[PDB]
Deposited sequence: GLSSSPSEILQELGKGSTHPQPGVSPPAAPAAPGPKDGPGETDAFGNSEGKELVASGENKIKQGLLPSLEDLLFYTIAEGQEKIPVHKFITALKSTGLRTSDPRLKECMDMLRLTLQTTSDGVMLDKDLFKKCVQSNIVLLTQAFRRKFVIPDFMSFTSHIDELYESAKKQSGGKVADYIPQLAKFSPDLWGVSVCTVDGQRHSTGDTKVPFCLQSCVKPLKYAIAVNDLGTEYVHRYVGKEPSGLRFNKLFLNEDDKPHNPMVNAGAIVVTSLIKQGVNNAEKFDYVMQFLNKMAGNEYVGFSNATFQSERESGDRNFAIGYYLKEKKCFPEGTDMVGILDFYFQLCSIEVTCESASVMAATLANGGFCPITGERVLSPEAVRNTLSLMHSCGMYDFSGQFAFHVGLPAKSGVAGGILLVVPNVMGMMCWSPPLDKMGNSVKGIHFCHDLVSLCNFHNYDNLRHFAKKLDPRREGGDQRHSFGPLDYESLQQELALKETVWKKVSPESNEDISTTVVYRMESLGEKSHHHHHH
């Protein structure tokens, strides 16, 4: 079927110029740097070094180049990806980005100076589909800390390694009342859910028990690396030192969890707090965070490597929790109006999943009074407005809505 692909792209010409193949490939939304295309691109480079002709691939030479990644290339070229007309869709992404750009309100988080420093005018959006198709607009290569955006990810790691039953013996599954917002613990002495601070503190104590903080951290970072397809994941020591210095509320919670015996036997509470502040201080960009979201969108498989990272159980539970508990006190309105699993963070990040379709990261630093990014909230509403993405939006009958699949 390397043969068939040749005929498709050639346009009845004898030979295909390299740049024409590359251009057609990029228009699918794949990137030439995609890890699943490595053999093909290695072969194009090499044959460019060794070639008799200029840039022209004849049937035989194209076959040489694509054969190892032929299945993925034919999917791309046939239009079998989740969003077949990716170019049209990315143009829509850009307009929504421009519209949200206008929304100038909100306040940058200043409780530590690493958050305070960020310009209010930083605004980026990245997309990664479940087939690995990519796009980005605005400030999508600027590093920033996940903060509470790491909470679903470490809950995923916990459930993956340990199972639903073990995890939920320590942490609940439900949104607390709009009037149990300030309660550390529910009636069973369990924190309400893994997306509040007390719940995430307990989740942090479940991961990789019985090794030191360095190894625990290495384990989580290696896991984050796979979810992001080995795109950027780093660490802000400066952020960490600040979080630790001013984490009075989290120390309060940790002492209370200790008193109510909420930790697994043998836990060093102060050491778990330290780990917690480190996980908060992990750095991403919009582009790498979008792939992490897309992994969640894809049932636990990283769409740009094809690697199994998370179990189906881990992903399902994480999405359910992000649905109901992921946007602080705006979670109910968010679920009603947007209808997508989403997690916000105090850096202005919103990690957004569109199950079966794609993953997003939206970043801008000024926050609204709920602590959610202003541009990001406006973007997510506008995205649902446009597209049939909502949770309960009918796949066959959708009104004036467009359907891109169809054609701390």
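Need the unmodelled segments of the deposited chain, numbered from 1, in order.
Seq positions lacking coordinates: 1-68, 476-488, 490-534.
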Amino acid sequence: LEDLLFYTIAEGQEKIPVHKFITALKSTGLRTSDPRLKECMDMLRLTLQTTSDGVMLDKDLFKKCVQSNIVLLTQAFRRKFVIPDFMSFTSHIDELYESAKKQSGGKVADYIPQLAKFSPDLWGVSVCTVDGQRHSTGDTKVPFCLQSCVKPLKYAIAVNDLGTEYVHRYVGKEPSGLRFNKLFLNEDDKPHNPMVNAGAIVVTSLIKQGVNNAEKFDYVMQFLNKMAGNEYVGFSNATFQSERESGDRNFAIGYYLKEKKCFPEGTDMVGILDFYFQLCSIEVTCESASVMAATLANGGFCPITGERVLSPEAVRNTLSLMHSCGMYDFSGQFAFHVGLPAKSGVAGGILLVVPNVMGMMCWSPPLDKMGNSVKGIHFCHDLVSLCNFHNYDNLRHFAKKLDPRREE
From here on, numbers count along this sequence of modelled residues.
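Stretch with the greater mean C-alpha B-factor as recorded in the entry, comparing 291-299 against 217-225
Comparing averages over the C-alpha atoms only gives 217-225.
Between 186-194 and 133-141, point out the one with the higher average CA B-factor as the PDB entry records it.
Comparing 186-194 with 133-141, the higher average CA B-factor belongs to 186-194.
So among 250, 278, 104, 148, who wins on Cα B-factor in the entry?
Of 250, 278, 104, 148, 104 has the highest C-alpha B-factor.
Peak C-alpha temperature factor (PDB record), options 246, 305, 285, 204:
Top of the list by C-alpha B-factor: 246.
Where does residue 337 sit by CA temperature factor within its chain: lowest, middle or highest third?
Its C-alpha B-factor belongs to the lowest third of this chain's values.
Should residue 35 be placed in the lowest, middle or highest third of its chain by the C-alpha B factor in the entry?
Its C-alpha B-factor, which the entry lists for residue 35, ranks in the middle third among residues of this chain.
Residue 92's Cα B-factor: lowest, middle or highest third of the chain?
Ranked within chain, residue 92 CA B lands in the middle tercile.
Lowest, middle or highest third: where is residue 76 by Cα B-factor in its chain?
Answer is highest: the recorded C-alpha B-factor places it there.
Ranking every modelled residue in this chain by its Cα temperature factor as given in the entry, which third contains residue 163?
Lowest third of the chain for residue 163's C-alpha B-factor.
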